[PDB]
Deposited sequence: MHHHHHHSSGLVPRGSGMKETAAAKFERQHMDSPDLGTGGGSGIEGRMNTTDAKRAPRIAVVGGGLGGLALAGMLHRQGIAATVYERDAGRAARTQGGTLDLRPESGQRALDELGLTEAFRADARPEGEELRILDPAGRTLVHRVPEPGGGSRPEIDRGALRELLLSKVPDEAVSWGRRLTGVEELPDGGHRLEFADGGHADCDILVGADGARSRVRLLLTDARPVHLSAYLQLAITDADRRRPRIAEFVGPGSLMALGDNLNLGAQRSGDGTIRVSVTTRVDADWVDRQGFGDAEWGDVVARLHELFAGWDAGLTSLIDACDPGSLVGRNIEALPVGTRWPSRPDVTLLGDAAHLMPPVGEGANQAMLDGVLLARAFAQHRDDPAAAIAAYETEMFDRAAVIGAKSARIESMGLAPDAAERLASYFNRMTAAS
């Protein structure tokens, strides 16, 4: 009856804990957040049949779980290509929490250190000064995982800056733009600089800026201290030369609503020697850019690892090793494909590359 500790009550950590519980296996989730909705989580996720949806199915949440047009543009506004499972992130977290016993999540416990024990297992050190011991440790603590360092010294590599703005109540307040975006999404591809817009089912349009810059670029802009007029002017300067129709999205956005982050990823094919009493899942195991659909993979990781523990109830080393063999292979395949997509879609000549792809395919007609 090993004491299993799961650091991180995110998508993967909760999926693991819920699936272990459904197999009769107790585990404790240690989560830095003060409560179940301490951190706002806006937007929607598309869950895939083989991953996100499979997890909800195995968790017993299939019932509970229940136009996506896409336009790709160039900076002049020309449509390069045209194409014609959704769940709110907050609602998904509620669904996952409903399958984890309430008393098995320790809120407000932020892992700051791990000390290996001679007899096996680990001592978990927390910011509040307390500790907890376990026999099995699962790192489910996200992109900046603290547990990851027990398995590998591999670090996330910086890829890009990502800025997120909003248009609230677009149908009433910005009807032209609402009609221009429509019910799906659009992405305009420039020179190491992309502009995206995605309509949500709550009446809002999310506007994004992605640009190939160094890790300190977001901080250097000082958006959080700037007057909104200056933020808009700087963004127009960033998009100099673009079609004024496209860049009017900037002026339509809710004043004061800009969140900036860095997009990063562990190197493709990252893996490690399997250890007998500790492992990783989700972003901790294999952080990828958003195109890697890491929410889906973290949920899949969680239920596959639980199945492995239940398949080897007398040997957690065998469970961890079986889980990792499959997880290493899946992460390598998806990581390589995500890296091709991320580097082709954000490039000095991104629009040209996309057009060339279809021009080439015509020759095979």
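Residues 1-55, 122-127, 146-153 of the deposited sequence have no C-alpha coordinates in the structure.
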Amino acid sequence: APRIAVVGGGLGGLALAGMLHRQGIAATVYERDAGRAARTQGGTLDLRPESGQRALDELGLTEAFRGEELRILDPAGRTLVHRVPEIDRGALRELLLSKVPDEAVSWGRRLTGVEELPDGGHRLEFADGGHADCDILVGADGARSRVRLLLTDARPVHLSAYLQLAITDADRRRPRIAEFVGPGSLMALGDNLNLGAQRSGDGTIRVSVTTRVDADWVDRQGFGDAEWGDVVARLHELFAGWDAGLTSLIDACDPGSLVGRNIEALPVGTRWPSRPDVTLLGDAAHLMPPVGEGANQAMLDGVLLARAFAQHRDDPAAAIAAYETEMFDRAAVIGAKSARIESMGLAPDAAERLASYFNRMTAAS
From here on, numbers count along this sequence of modelled residues.
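Here the stretch with the larger average CA B-factor, out of 131-139 and 189-197, is 131-139. Remark: stretch with higher mean C-alpha B factor among 35-43 and 329-337 is 35-43. For the set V114, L266, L281, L96, the PDB entry puts the maximum C-alpha B factor at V114. Out of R146, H158, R212, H286, it is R146 whose C-alpha atom has the highest B-factor in the PDB entry.
Ranked against the other modelled residues of its chain, the C-alpha B-factor of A364 as given in the entry falls in the highest third. Annotation for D301: C-alpha temperature factor in the lowest third relative to the rest of the modelled chain, per the entry. When the modelled residues of the chain are ordered by their C-alpha B factor, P49 lands in the middle third.
Ranked within its chain, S274 lands in the highest third, by CA B factor from the PDB record. Remark: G229 belongs to the middle third of its chain, ranked by C-alpha B-factor as recorded.
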